[PDB]
Structures are given as structure tokens and as C-alpha cells.
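Q: Handing you this structure, nothing more for now.
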Amino acid sequence: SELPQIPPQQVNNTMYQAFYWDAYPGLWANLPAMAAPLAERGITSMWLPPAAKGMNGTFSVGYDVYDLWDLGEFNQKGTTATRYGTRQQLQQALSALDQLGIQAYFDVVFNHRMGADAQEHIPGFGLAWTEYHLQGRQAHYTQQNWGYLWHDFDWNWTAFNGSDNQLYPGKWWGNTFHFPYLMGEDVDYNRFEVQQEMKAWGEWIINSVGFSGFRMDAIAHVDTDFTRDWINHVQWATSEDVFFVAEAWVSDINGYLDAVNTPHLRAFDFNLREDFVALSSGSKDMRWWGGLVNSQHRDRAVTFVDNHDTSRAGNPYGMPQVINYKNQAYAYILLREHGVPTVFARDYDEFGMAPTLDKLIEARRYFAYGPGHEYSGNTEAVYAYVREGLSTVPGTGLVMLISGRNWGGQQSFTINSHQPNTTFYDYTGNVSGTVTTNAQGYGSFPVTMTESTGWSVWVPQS
């Protein structure tokens with residue numbers, strides 16, 4: 001039978017982080033083939049690694065950014081291509097993603113620059129590595145392209161607030177939610193000409209280069225007023241609804257969003273990951289879950305299990321790890337009514353989770369529709385959750401259960417599916433057979449009490 005046909009503008013957004021630390025040199029040429037099956041499963045957006053030239057050339061993951069206007073197009077930092085390829089290869093990849101229906105998000109590093117071409121003597125301060133030549137800026141940041149947004153100025157020390165925790169003369173750090181100085185040469189987003197250049201750059205990335213949104217690196221270290229004004233400018237200068245997600249790795253993420261104060265900005269749900277750390281232990285209390293996705297800001301949450309900082313060879317940030325129960329964690333984020341979930345390439349590819357995650361991605365794409373309902377019968381060992389489906393799309397809706405224990409065997413729970421007189425089957429295949437519901441919609445739904453197969457996604461049988 002046919003899959004549920006979701007009206008195109010109601011389809012769930014499912015994001016794929018298309019990299020991990022040091023992964024995929026030469027990504028751009030390989031991205032079309034990587035993305036084709038992901039689109040089939042239900043991925044609709046891809047967060048691509050930072051695509052601008054970094055100080056370390058082809059050895060740069062991209063976060064040590066040198067020239068935001070050099071996407072692998074100019075011979076700078078010892079290479080023309082970035083680690084991922086040339087700009088032409090990136091453009092080819094973007095066109096391929098467009099044809100697949102996948103929006104691409106640009107990982108923008110605004111906070112600092114690295115790799116100055118020369119030292120300057122700053123009057124009243126001393127020597128600093130602040131002279132940046134920026135060939136991509138020379139080529140693309142012009143009045144011919146940008147009209148009144150163009151200003152004739154060089155990126156020397158006056159484009160920066162300071163370095164190594166010291167302000168340059170006349171500078172201030174800006175209004176930042178977290179501490180302002182992180183590393184490198186801190187960019188002065190209180191300087192009008194820098195603000196205006198970045199507005200032009202944002203228009204370039206969306207309207208000229210062809211990205212569809214931004215992941216904003218280290219953004220709680222960046223002036224909050226610039227952040228708001230830049231987002232609002234770019235959103236209004238673009239015909240489509242541009243996606244923006246903040247990496248605001250702070251304790252009060254809701255407070256950060258309240259401070260930036262723009263409806264266009266989402267944020268990664270770092271606090272929810274604490275529950276996945278507990279889940280991984282095999283001892284989580286399954287009755288309750290925190291995070292931005294369980295708050296008033298849940299429509300602005302971008303949920304995830306791990307990223308290239310929280311899961312990386314060597315654990316450089318000294319972060320509690322999510323090792324076990326990862327399919328259960330993915331089922332939790334993927335089937336939620338609210339939040340945009342992220343599938344991490346390291347989990348999908350390196351750790352080999354694709355064969356099981358593919359079914360959860362498909363379940364989000366085709367069945368996770370309609371209002372969600374929490375379950376009053378959760379136990380310390382089992383969490384359940386219902387999507388009622390859409391009456392206008394028969395076959396939608398689901399009853400999800402996840403085990404946080406490794407006891408073996410099955411346990412069943414009487415749950416209101418909101419679909420009376422209906423037969424359900426487990427889309428994952430982890431529990432065989434069927435569940436029938438009564439005249440009120442209630443049925444007894446099993447889950448396997450194991451780490452390795454302890455998630456079930458019961459959906460209507462066509």
C-alpha cells in the first residue's frame with residue numbers, strides 16, 4: 001500500500017549533520033551521492049561543515065576561519081580548495097541538494113578570525129596579528145554587488161575588539177550573553193562597517209551561493225544586538241523563510257533566546273542531552289525529560305543526541321558521553337511533535353546506525369503527525385508517547401515506546417492511541433505481530449526491554 005501523503009508544506013523538517021570532527025575531506029564531490037538515499041528516507045535539510053577558508057588550509061575542519069568570502073575559490077592559507085573542495089564543487093553539491101529537495105545550512109563562524117597575514121603595530125598597544133588581506137572579500141564585497149551595504153575599509157586591527165583577553169585601543173567587547181573573548185582576533189560587531197559587510201555576506205550566502213539557512217557557531221560569545229539585526233536583515237532580504245539555529249552552549253538557553261529577541265532564531269537543545277547521558281547508563285528514570293523541547297520555547301528547539309564536540313575521539317571537552325541506548329534517544333527526538341531533530345553523521349555512518357536509524361527517519365517523515373500526547377503510565381524503566389495522526393491523512397499517527405533497561409523480554413502498556421478500532425504494527429520490526437485498539441482507542445502495546453532493540457514505533461496497518 002502507499003505511504004501517507006503529507007501535504008508538502010506540512011512535511012516534518014529532519015536535519016542531518018553531514019560531518020563530524022576531521023571527517024570527509026573532499027566532501028563536496030561526494031555529497032550528492034551521500035544525500036540521495038538520505039532524501040529518500042526523509043532527510044529534508046543538511047548542516048554542512050563550515051565552508052569558508054580556514055587558517056590551516058585543507059587540514060582545517062573550518063572553525064579557525066580566515067576569509068568568509070573564500071569558499072574554496074582563492075589561493076589563501078596554502079590552498080585554493082578548502083578541506084571539502086573548491087567553490088565550484090560546492091556549487092555543484094548545492095544544485096544536487098536542491099534537486100533532491102534538501103536545504104543546505106551554512107556553518108558560520110562570526111566570533112573571531114584566525115590566520116592574519118601580517119603583524120601590525122597598534123598605536124598605544126603594541127604588536128598584534130591583525131592584518132587580513134581577504135582575497136574573497138576583494139572579489140565579492142563590492143558596490144557593484146551590494147550598493148549601500150558596501151564600505152571601503154581594510155580588515156586591520158580596527159576591525160577587531162582585541163585578542164588574548166585584551167581590548168585594542170578604543171574598543172569594547174560588545175553586549176555578549178556569555179563571556180566575549182574565546183580565541184583568535186575577536187571581531188568588532190559594534191563597528192558599523194563590519195555590521196554592514198556581514199549583512200551583504202548573508203545575502204550572498206543565501207541569494208547568490210544558494211544556501212537555505214545558517215548554523216551560528218559560538219554565537220553566545222557574539223554581540224547580541226548585532227546577532228538580532230543581522231538575522232532580521234537576512235530574513236527580510238530573502239524570498240524564502242531562512243533557517244537560523246544558534247550554537248548557544250550556555251546554561252540558560254531560553255534566556256539567550258529571550259535576549260536576542262528575534263522570532264527567526266532557533267537554538268540547539270544542549271540541556272536535553274543530559275537525559276541521553278542518563279539513558280546511556282541503563283538507569284535513567286524514564287518518567288521525565290528536560291530540555292528546551294520540553295519548555296515554552298519548544299518550537300525553537302533543534303534537538304540532537306551528539307555532535308562533533310560532544311562525541312569526538314579523545315573527548316577533548318571532557319563531556320559525559322552518550323554510548324548506549326542511542327536508537328532510543330533518536331526515537332525520542334525524531335517523533336516529538338515539536339523541535340527539529342538532527343541526525344549526526346558520526347552515529348549514522350562511523351558507528352553504523354543507518355540500518356535502524358533509517359526506519360526512525362522514515363517514521364518521522366511519514367507517521368509523526370498530529371498532536372502529541374504524553375503518557376500517564378510511564379515507569380522508571382519505560383517511556384511512551386503518542387502522535388494522534390491527522391484525520392485527513394489516514395495511516396498517520398504512532399505509539400512510541402522506549403526501554404531504558406536491558407532486562408530482556410517484553411513489557412506492555414495500555415495506551416490511548418486516539419485511533420479507535422484500529423490495527424497497529426511495529427514499523428521498526430522490533431516487536432512482531434499486531435495490536436488492536438478498542439472503541440475508545442486503547443490498546444496494549446509491547447516494547448522489548450533491551451538496550452539493543454528496546455524501541456517500538458506502532459503505526460496503523462494499511
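Neighbour counts are summed over all protein chains in view; Cβ atoms, including those assigned to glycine, are modelled from backbone coordinates with ideal geometry. Basis: the model, the stated rules and, where named, an outside source; no laboratory instrument gave them.
Q: In the stretch 122-159, how many are surrounded by 15 or more Cβ atoms within 10 Å (Cβ to Cβ), within 32 Å of the chain's Cα centre (by Cα) and of a type outside the set (A, V, I, L, M)?
A: The total comes to 11.
Q: Do any residues in the stretch 170-191 that are in the same structural domain as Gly124 (by TED's automatic domain parsing) have Cβ atoms under 6 Å from those of residues that are surrounded by fewer than 16 Cβ atoms within 10 Å (Cβ to Cβ) and part of a loop (DSSP other than H, G, I, E, B), where the two are at least six apart or on different chains, and which pairs are they?
A: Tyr181/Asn165
Q: Taking the stretch 160-191 as the search range and keeping residues that are part of a loop (DSSP other than H, G, I, E, B) and hydrophobic (A, V, I, L, M, F, W, C), which one is surrounded by the most Cβ atoms within 10 Å (Cβ to Cβ)?
A: Among those that are part of a loop (DSSP other than H, G, I, E, B) and hydrophobic (A, V, I, L, M, F, W, C), it is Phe177.
Q: Still on this structure: I need the full set of residues from the stretch 74-93 which are touching a residue at least 24 places away in the same chain (Cβ under 8 Å), under 18 Å from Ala29 (Cβ atoms) and surrounded by 21 or more Cβ atoms within 10 Å (Cβ to Cβ), in order please.
A: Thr82, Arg83, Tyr84, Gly85, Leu90, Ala93, listed by residue number.
Q: Looking at the stretch 299-309, which of the residues that are farther than 29 Å from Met449 by Cα and of a type in the set (D, E, K, R) is surrounded by the most Cβ atoms within 10 Å (Cβ to Cβ)?
A: Here the answer is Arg300.
Q: So which pairs qualify, if the first residue must be in the stretch 279-292 and farther than 26 Å from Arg266 by Cα and touching a residue at least 12 places away in the same chain (Cβ under 8 Å), the second must be surrounded by 21 or more Cβ atoms within 10 Å (Cβ to Cβ) and among the hydroxyl-bearing types (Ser, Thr, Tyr), the Cβ gap must be under 6 Å, and the two must be at least 6 apart or on different chains?
A: That search, which allows pairs on different chains as well, returns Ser280/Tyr325; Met286/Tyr383.
Q: Over 21 Å from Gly213 (Cβ atoms) and in a helix (DSSP H, G or I) - does that describe any residue in the stretch 74-88?
A: Initial filter on the stretch 74-88 (over 21 Å from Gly213 (Cβ atoms)): 74-81, 83, 86, 88.
If we keep only those that are in a helix (DSSP H, G or I) as well, we get 88.
Among the residues of the stretch 74-88, at least one is over 21 Å from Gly213 (Cβ atoms) and in a helix (DSSP H, G or I), which makes the answer yes.
Q: Of everything in the stretch 192-216 that's closer than 17 Å to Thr130 by Cβ and charged (D, E, K, R), which residue is surrounded by the most Cβ atoms within 10 Å (Cβ to Cβ)?
A: Taking the candidates together, the pick is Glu197.
Q: In addition: Here is a list: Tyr24, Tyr16. Which entry is in a strand (DSSP E or B) and either of a type in the set (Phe, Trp, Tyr) or outside the structural domain of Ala104 (by TED's automatic domain parsing) (or both)? Working first, answer last.
A: Values: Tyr24 fails: in a strand (DSSP E or B).
It is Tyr16.
Q: Please determine, by comparing only the residues of the stretch 266-290 that are among the small types (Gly, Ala, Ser) and surrounded by fewer than 23 Cβ atoms within 10 Å (Cβ to Cβ), which one is nearest to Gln328 (Cα to Cα).
A: If we take residues in the stretch 266-290 being among the small types (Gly, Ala, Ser) and surrounded by fewer than 23 Cβ atoms within 10 Å (Cβ to Cβ), then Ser280 is nearest to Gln328 (Cα to Cα).
Q: Please indicate, with yes or no, whether at least one residue in the stretch 226-237 is part of a loop (DSSP other than H, G, I, E, B) and surrounded by 21 or more Cβ atoms within 10 Å (Cβ to Cβ).
A: Checked against the condition, which is being part of a loop (DSSP other than H, G, I, E, B) and surrounded by 21 or more Cβ atoms within 10 Å (Cβ to Cβ), the stretch 226-237 yields no hits at all.
Q: Moving to a separate point now. Among the residues of the stretch 238-251, which ones are within 29 Å of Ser311 (Cα to Cα) and in a loop (DSSP other than H, G, I, E, B)?
A: Matches in the stretch 238-251: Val242, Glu247, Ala248, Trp249, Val250, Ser251.
Q: Turning to a different aspect of this structure: If you check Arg41, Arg113, which single one turns out to be among the basic types (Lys, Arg) and under 30 Å from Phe351 (Cβ atoms)?
A: Numbers: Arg113 fails: under 30 Å from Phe351 (Cβ atoms).
On inspection, the qualifying residue turns out to be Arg41.
Q: Within the stretch 335-388, take every residue that is without any contact (Cβ under 8 Å) to a residue 60 or more places away in the chain and of a type in the set (A, V, I, L, M) and give me the one that is surrounded by the most Cβ atoms within 10 Å (Cβ to Cβ).
A: Step by step, filter the stretch 335-388, then rank; the result is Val386.
Q: If you don't mind, there's one more thing I want to ask. Within the stretch 95-117, which residues are closer than 25 Å to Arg266 by Cα, among the aliphatic types (A, V, I, L, M) and buried (at least 20 other Cβ atoms within 10 Å of the Cβ)?
A: Answer for the stretch 95-117, where residues must be closer than 25 Å to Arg266 by Cα, among the aliphatic types (A, V, I, L, M) and buried (at least 20 other Cβ atoms within 10 Å of the Cβ): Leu97, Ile102, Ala104, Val108, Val109.
Q: For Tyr168, are the conditions met, namely being more than 21 Å from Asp70 (Cα to Cα) and of a type in the set (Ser, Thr, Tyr)?
A: yes
Q: Any residue at all in the stretch 402-412 that's assigned to a strand (DSSP E or B), surrounded by 21 or more Cβ atoms within 10 Å (Cβ to Cβ), under 25 Å from the mean Cα position of the chain (by Cα) and in contact (Cβ under 8 Å) with a residue 40 or more places away in the chain?
A: Yes, because at least one residue in the stretch 402-412 is assigned to a strand (DSSP E or B), surrounded by 21 or more Cβ atoms within 10 Å (Cβ to Cβ), under 25 Å from the mean Cα position of the chain (by Cα) and in contact (Cβ under 8 Å) with a residue 40 or more places away in the chain.
Q: Further question on the same structure: Can you list residue pairs whose Cβ atoms sit under 6 Å apart, with the first residue in the stretch 204-226 being free of Cβ contacts under 8 Å to residues at least 40 places away in the same chain and over 19 Å from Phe270 (Cβ atoms) and the second being assigned to a loop (DSSP other than H, G, I, E, B) and of a type in the set (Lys, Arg)? Count only pairs 6 or more apart in sequence or on different chains.
A: none
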